[PDB]
file run-v6.cif (mmCIF, C-alpha atoms)
data_coords
#
loop_
_atom_site.group_PDB
_atom_site.id
_atom_site.type_symbol
_atom_site.label_atom_id
_atom_site.label_comp_id
_atom_site.auth_asym_id
_atom_site.auth_seq_id
_atom_site.Cartn_x
_atom_site.Cartn_y
_atom_site.Cartn_z
ATOM 1 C CA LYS A 134 0.000 0.000 0.000
ATOM 2 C CA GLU A 135 1.240 3.475 -0.932
ATOM 3 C CA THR A 136 0.205 7.134 -0.961
ATOM 4 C CA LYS A 137 0.601 9.448 -3.958
ATOM 5 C CA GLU A 138 0.490 13.246 -4.102
ATOM 6 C CA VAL A 139 -0.674 14.235 -7.581
ATOM 7 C CA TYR A 140 -0.909 17.499 -9.518
ATOM 8 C CA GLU A 141 -2.755 17.106 -12.815
ATOM 9 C CA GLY A 142 -5.002 18.940 -15.248
ATOM 10 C CA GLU A 143 -4.840 21.203 -18.274
ATOM 11 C CA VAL A 144 -1.884 23.582 -18.486
ATOM 12 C CA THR A 145 -3.094 27.193 -18.398
ATOM 13 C CA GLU A 146 0.267 28.997 -18.416
ATOM 14 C CA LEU A 147 3.982 28.183 -18.409
ATOM 15 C CA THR A 148 6.252 31.124 -17.542
ATOM 16 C CA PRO A 149 9.897 30.291 -16.723
ATOM 17 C CA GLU A 150 10.941 33.442 -14.912
ATOM 18 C CA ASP A 151 14.410 34.946 -14.923
ATOM 19 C CA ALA A 152 16.570 35.935 -11.970
ATOM 20 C CA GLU A 153 17.383 39.381 -10.586
ATOM 21 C CA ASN A 154 21.162 39.126 -11.182
ATOM 22 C CA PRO A 155 22.025 36.975 -14.213
ATOM 23 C CA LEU A 156 25.529 35.609 -14.641
ATOM 24 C CA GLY A 157 27.655 36.358 -17.669
ATOM 25 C CA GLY A 158 28.273 33.931 -20.492
ATOM 26 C CA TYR A 159 24.853 32.283 -20.125
ATOM 27 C CA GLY A 160 21.336 32.821 -21.394
ATOM 28 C CA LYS A 161 18.060 33.050 -19.399
ATOM 29 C CA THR A 162 19.215 32.182 -15.863
ATOM 30 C CA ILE A 163 16.000 30.766 -14.396
ATOM 31 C CA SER A 164 15.126 31.312 -10.733
ATOM 32 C CA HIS A 165 11.779 29.452 -10.702
ATOM 33 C CA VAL A 166 9.063 28.108 -12.992
ATOM 34 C CA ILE A 167 5.453 29.227 -12.536
ATOM 35 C CA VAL A 168 2.915 26.890 -14.145
ATOM 36 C CA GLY A 169 -0.878 27.178 -13.980
ATOM 37 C CA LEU A 170 -3.047 24.063 -13.899
ATOM 38 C CA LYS A 171 -6.753 23.792 -14.704
ATOM 39 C CA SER A 172 -8.987 20.802 -13.989
ATOM 40 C CA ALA A 173 -12.653 20.137 -13.280
ATOM 41 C CA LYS A 174 -14.157 22.550 -10.678
ATOM 42 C CA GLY A 175 -10.721 23.840 -9.690
ATOM 43 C CA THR A 176 -7.571 25.638 -10.814
ATOM 44 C CA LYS A 177 -4.246 26.299 -9.104
ATOM 45 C CA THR A 178 -1.021 28.021 -10.121
ATOM 46 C CA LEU A 179 2.249 26.544 -8.902
ATOM 47 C CA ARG A 180 5.820 27.671 -8.244
ATOM 48 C CA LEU A 181 8.251 24.968 -9.296
ATOM 49 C CA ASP A 182 11.966 24.235 -9.342
ATOM 50 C CA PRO A 183 14.100 25.644 -12.184
ATOM 51 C CA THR A 184 15.430 22.143 -12.894
ATOM 52 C CA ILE A 185 11.970 20.862 -13.883
ATOM 53 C CA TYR A 186 12.001 23.227 -16.888
ATOM 54 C CA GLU A 187 14.587 20.906 -18.461
ATOM 55 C CA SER A 188 12.209 17.951 -18.125
ATOM 56 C CA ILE A 189 9.330 20.117 -19.401
ATOM 57 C CA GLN A 190 11.354 20.921 -22.525
ATOM 58 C CA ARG A 191 12.371 17.256 -22.772
ATOM 59 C CA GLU A 192 8.808 15.913 -22.718
ATOM 60 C CA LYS A 193 7.576 18.696 -25.078
ATOM 61 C CA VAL A 194 4.842 20.015 -22.791
ATOM 62 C CA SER A 195 3.077 22.947 -24.459
ATOM 63 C CA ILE A 196 -0.110 24.917 -23.851
ATOM 64 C CA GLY A 197 -3.422 23.068 -23.844
ATOM 65 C CA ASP A 198 -1.811 19.811 -22.705
ATOM 66 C CA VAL A 199 -2.853 17.625 -19.802
ATOM 67 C CA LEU B 268 83.897 40.714 -0.866
ATOM 68 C CA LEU B 269 84.325 37.540 -2.943
ATOM 69 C CA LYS B 270 86.167 35.847 -0.058
ATOM 70 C CA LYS B 271 83.411 36.863 2.378
ATOM 71 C CA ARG B 272 80.769 35.541 -0.038
ATOM 72 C CA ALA B 273 82.662 32.243 -0.319
ATOM 73 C CA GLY B 274 83.021 32.024 3.461
ATOM 74 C CA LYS B 275 79.417 32.853 4.360
ATOM 75 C CA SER B 276 77.678 31.336 1.315
ATOM 76 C CA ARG B 277 79.899 28.455 0.118
ATOM 77 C CA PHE B 293 54.065 25.300 1.712
ATOM 78 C CA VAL B 294 50.476 24.564 0.649
ATOM 79 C CA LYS B 295 49.903 22.897 -2.707
ATOM 80 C CA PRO B 296 47.774 24.844 -5.216
ATOM 81 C CA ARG B 297 44.382 23.483 -6.151
ATOM 82 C CA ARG B 298 43.572 21.747 -9.415
ATOM 83 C CA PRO B 299 42.504 23.931 -12.358
ATOM 84 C CA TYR B 300 38.733 23.894 -12.817
ATOM 85 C CA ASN B 301 37.527 24.198 -16.414
ATOM 86 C CA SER B 302 33.854 24.553 -17.389
ATOM 87 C CA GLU B 303 33.499 26.066 -20.865
ATOM 88 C CA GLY B 304 30.226 25.836 -22.748
ATOM 89 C CA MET B 305 28.502 23.774 -20.057
ATOM 90 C CA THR B 306 25.263 24.495 -18.215
ATOM 91 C CA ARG B 307 25.172 25.533 -14.566
ATOM 92 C CA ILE B 308 23.013 24.469 -11.625
ATOM 93 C CA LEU B 309 23.452 26.535 -8.461
ATOM 94 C CA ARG B 310 21.702 25.482 -5.248
ATOM 95 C CA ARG B 311 22.501 28.268 -2.805
ATOM 96 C CA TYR B 312 21.094 28.803 0.693
ATOM 97 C CA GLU B 313 18.048 30.927 -0.178
ATOM 98 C CA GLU B 314 17.525 30.609 -3.945
ATOM 99 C CA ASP B 315 18.032 28.054 -6.704
ATOM 100 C CA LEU B 316 19.407 28.980 -10.121
ATOM 101 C CA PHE B 317 19.674 27.261 -13.503
ATOM 102 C CA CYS B 318 21.848 28.824 -16.209
ATOM 103 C CA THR B 319 21.288 27.261 -19.629
ATOM 104 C CA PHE B 320 22.126 27.935 -23.273
#
call {"tool": "encode", "arguments": {"input": "run-v6.cif", "output": "structure tokens"}}
result
Amino acid sequence: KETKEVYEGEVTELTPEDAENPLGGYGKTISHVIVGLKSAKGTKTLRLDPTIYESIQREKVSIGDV
Amino acid sequence: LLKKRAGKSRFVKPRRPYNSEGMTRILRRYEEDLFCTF
């Protein structure tokens, strides 16, 4: 027997924000990722790790996806 | 002077060089997390 914590639904927004002081020699130093989720009778925006943006780009998650 | 010269006269290791050129950066500091990509 196990317990699972699950976030799921339709993606409403996907804004990888950029930091206050970027470092030189790089592009778009990300401080956090804000992603909005929409499901049945409920929506919730999140505030995720910057590392998960790499997996988001890897799995080709775009707008309108579940 | 030559005779006097003949009579009277006859540490921490440095760290390794760190090289990261053209590679991405993940920084996990005490209060914020950063991700520098290309």
call {"tool": "closest_atom_pairs", "arguments": {"input": "run-v6.cif", "of": "chain B", "to": "chain A", "cutoff": "12 Å", "atoms": "all atoms listed in the file", "output": "Markdown table"}}
result
| residue | atom | partner | partner_atom | distance |
| --- | --- | --- | --- | --- |
| B:302 | CA | A:158 | CA | 11.3 |
| B:303 | CA | A:158 | CA | 9.5 |
| B:304 | CA | A:158 | CA | 8.6 |
| B:305 | CA | A:159 | CA | 9.3 |
| B:306 | CA | A:159 | CA | 8.0 |
| B:307 | CA | A:159 | CA | 8.8 |
| B:308 | CA | A:184 | CA | 8.0 |
| B:309 | CA | A:164 | CA | 9.9 |
| B:310 | CA | A:183 | CA | 10.3 |
| B:311 | CA | A:164 | CA | 11.2 |
| B:313 | CA | A:164 | CA | 11.0 |
| B:314 | CA | A:164 | CA | 7.2 |
| B:315 | CA | A:164 | CA | 5.9 |
| B:316 | CA | A:164 | CA | 4.9 |
| B:317 | CA | A:163 | CA | 5.2 |
| B:318 | CA | A:162 | CA | 4.3 |
| B:319 | CA | A:160 | CA | 5.8 |
| B:320 | CA | A:160 | CA | 5.3 |
call {"tool": "resolve_selection", "arguments": {"input": "run-v6.cif", "expression": "the PyMOL selection byres ((chain A and resi 148) around 9)", "output": "PyMOL selection string"}}
result
chain A and resi 146-147+149-150+165-169
call {"tool": "resolve_selection", "arguments": {"input": "run-v6.cif", "expression": "the PyMOL selection byres ((chain A and resi 194) around 12)", "output": "list in words"}}
result
residues 143, 144, 145, 146, 147, 168, 185, 186, 187, 188, 189, 190, 191, 192, 193, 195, 196, 197, 198 and 199 of chain A
call {"tool": "atom_distance", "arguments": {"input": "run-v6.cif", "atom1": "atom CA of residue 134 of chain A", "atom2": "atom CA of residue 173 of chain A"}}
result
27.2 Å
call {"tool": "atom_distance", "arguments": {"input": "run-v6.cif", "atom1": "atom CA of residue 177 of chain A", "atom2": "atom CA of residue 312 of chain B"}}
result
27.3 Å
call {"tool": "build_atoms", "arguments": {"input": "run-v6.cif", "residues": "segment 269-312 of chain B", "atoms": "N, CA and C atoms", "output": "PDB file, keeping the file's coordinate frame"}}
result
ATOM      1  N   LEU B 269      84.439  38.895  -2.409  1.00  0.00           N
ATOM      2  CA  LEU B 269      84.325  37.540  -2.943  1.00  0.00           C
ATOM      3  C   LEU B 269      84.716  36.492  -1.906  1.00  0.00           C
ATOM      4  N   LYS B 270      85.759  36.768  -1.116  1.00  0.00           N
ATOM      5  CA  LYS B 270      86.167  35.847  -0.058  1.00  0.00           C
ATOM      6  C   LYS B 270      85.114  35.750   1.038  1.00  0.00           C
ATOM      7  N   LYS B 271      84.486  36.878   1.389  1.00  0.00           N
ATOM      8  CA  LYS B 271      83.411  36.863   2.378  1.00  0.00           C
ATOM      9  C   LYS B 271      82.187  36.119   1.858  1.00  0.00           C
ATOM     10  N   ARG B 272      81.875  36.279   0.566  1.00  0.00           N
ATOM     11  CA  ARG B 272      80.769  35.541  -0.038  1.00  0.00           C
ATOM     12  C   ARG B 272      81.050  34.043  -0.072  1.00  0.00           C
ATOM     13  N   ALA B 273      82.299  33.657  -0.344  1.00  0.00           N
ATOM     14  CA  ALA B 273      82.662  32.243  -0.319  1.00  0.00           C
ATOM     15  C   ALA B 273      82.636  31.685   1.099  1.00  0.00           C
ATOM     16  N   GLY B 274      83.032  32.489   2.087  1.00  0.00           N
ATOM     17  CA  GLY B 274      83.021  32.024   3.461  1.00  0.00           C
ATOM     18  C   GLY B 274      81.640  31.901   4.066  1.00  0.00           C
ATOM     19  N   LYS B 275      80.744  32.842   3.763  1.00  0.00           N
ATOM     20  CA  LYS B 275      79.417  32.853   4.360  1.00  0.00           C
ATOM     21  C   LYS B 275      78.341  32.257   3.462  1.00  0.00           C
ATOM     22  N   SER B 276      78.675  31.883   2.225  1.00  0.00           N
ATOM     23  CA  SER B 276      77.678  31.336   1.315  1.00  0.00           C
ATOM     24  C   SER B 276      78.206  30.168   0.491  1.00  0.00           C
ATOM     25  N   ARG B 277      79.357  29.602   0.839  1.00  0.00           N
ATOM     26  CA  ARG B 277      79.899  28.455   0.118  1.00  0.00           C
ATOM     27  C   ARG B 277      80.795  27.619   1.026  1.00  0.00           C
ATOM     28  N   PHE B 293      55.054  24.361   2.229  1.00  0.00           N
ATOM     29  CA  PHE B 293      54.065  25.300   1.712  1.00  0.00           C
ATOM     30  C   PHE B 293      52.853  24.529   1.192  1.00  0.00           C
ATOM     31  N   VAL B 294      51.727  25.214   1.027  1.00  0.00           N
ATOM     32  CA  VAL B 294      50.476  24.564   0.649  1.00  0.00           C
ATOM     33  C   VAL B 294      50.424  24.381  -0.861  1.00  0.00           C
ATOM     34  N   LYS B 295      50.008  23.192  -1.285  1.00  0.00           N
ATOM     35  CA  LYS B 295      49.903  22.897  -2.707  1.00  0.00           C
ATOM     36  C   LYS B 295      48.743  23.675  -3.325  1.00  0.00           C
ATOM     37  N   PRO B 296      48.896  24.173  -4.552  1.00  0.00           N
ATOM     38  CA  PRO B 296      47.774  24.844  -5.216  1.00  0.00           C
ATOM     39  C   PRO B 296      46.711  23.845  -5.639  1.00  0.00           C
ATOM     40  N   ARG B 297      45.491  24.347  -5.788  1.00  0.00           N
ATOM     41  CA  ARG B 297      44.382  23.483  -6.151  1.00  0.00           C
ATOM     42  C   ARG B 297      44.430  23.149  -7.639  1.00  0.00           C
ATOM     43  N   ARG B 298      43.642  22.150  -8.023  1.00  0.00           N
ATOM     44  CA  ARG B 298      43.572  21.747  -9.415  1.00  0.00           C
ATOM     45  C   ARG B 298      42.845  22.809 -10.239  1.00  0.00           C
ATOM     46  N   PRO B 299      43.233  22.991 -11.500  1.00  0.00           N
ATOM     47  CA  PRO B 299      42.504  23.931 -12.358  1.00  0.00           C
ATOM     48  C   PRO B 299      41.128  23.394 -12.721  1.00  0.00           C
ATOM     49  N   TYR B 300      40.121  24.244 -12.550  1.00  0.00           N
ATOM     50  CA  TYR B 300      38.733  23.894 -12.817  1.00  0.00           C
ATOM     51  C   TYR B 300      38.313  24.546 -14.124  1.00  0.00           C
ATOM     52  N   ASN B 301      37.852  23.733 -15.070  1.00  0.00           N
ATOM     53  CA  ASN B 301      37.527  24.198 -16.414  1.00  0.00           C
ATOM     54  C   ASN B 301      36.099  23.791 -16.746  1.00  0.00           C
ATOM     55  N   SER B 302      35.238  24.780 -16.977  1.00  0.00           N
ATOM     56  CA  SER B 302      33.854  24.553 -17.389  1.00  0.00           C
ATOM     57  C   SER B 302      33.533  25.575 -18.472  1.00  0.00           C
ATOM     58  N   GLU B 303      33.759  25.200 -19.726  1.00  0.00           N
ATOM     59  CA  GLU B 303      33.499  26.066 -20.865  1.00  0.00           C
ATOM     60  C   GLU B 303      32.373  25.482 -21.701  1.00  0.00           C
ATOM     61  N   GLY B 304      31.336  26.280 -21.932  1.00  0.00           N
ATOM     62  CA  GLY B 304      30.226  25.836 -22.748  1.00  0.00           C
ATOM     63  C   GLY B 304      29.360  24.779 -22.107  1.00  0.00           C
ATOM     64  N   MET B 305      29.303  24.745 -20.780  1.00  0.00           N
ATOM     65  CA  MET B 305      28.502  23.774 -20.057  1.00  0.00           C
ATOM     66  C   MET B 305      27.505  24.501 -19.166  1.00  0.00           C
ATOM     67  N   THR B 306      26.337  23.887 -18.986  1.00  0.00           N
ATOM     68  CA  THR B 306      25.263  24.495 -18.215  1.00  0.00           C
ATOM     69  C   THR B 306      25.608  24.503 -16.728  1.00  0.00           C
ATOM     70  N   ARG B 307      24.854  25.291 -15.967  1.00  0.00           N
ATOM     71  CA  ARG B 307      25.172  25.533 -14.566  1.00  0.00           C
ATOM     72  C   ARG B 307      23.928  25.372 -13.710  1.00  0.00           C
ATOM     73  N   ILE B 308      24.043  24.579 -12.648  1.00  0.00           N
ATOM     74  CA  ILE B 308      23.013  24.469 -11.625  1.00  0.00           C
ATOM     75  C   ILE B 308      23.613  24.952 -10.315  1.00  0.00           C
ATOM     76  N   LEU B 309      23.001  25.972  -9.724  1.00  0.00           N
ATOM     77  CA  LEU B 309      23.452  26.535  -8.461  1.00  0.00           C
ATOM     78  C   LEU B 309      22.346  26.390  -7.430  1.00  0.00           C
ATOM     79  N   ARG B 310      22.649  25.704  -6.335  1.00  0.00           N
ATOM     80  CA  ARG B 310      21.702  25.482  -5.248  1.00  0.00           C
ATOM     81  C   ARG B 310      22.261  26.188  -4.020  1.00  0.00           C
ATOM     82  N   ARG B 311      21.977  27.477  -3.905  1.00  0.00           N
ATOM     83  CA  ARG B 311      22.501  28.268  -2.805  1.00  0.00           C
ATOM     84  C   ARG B 311      21.527  28.186  -1.629  1.00  0.00           C
ATOM     85  N   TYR B 312      21.797  28.957  -0.574  1.00  0.00           N
ATOM     86  CA  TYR B 312      21.094  28.803   0.693  1.00  0.00           C
ATOM     87  C   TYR B 312      19.657  29.302   0.645  1.00  0.00           C
TER      88      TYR B 312
END
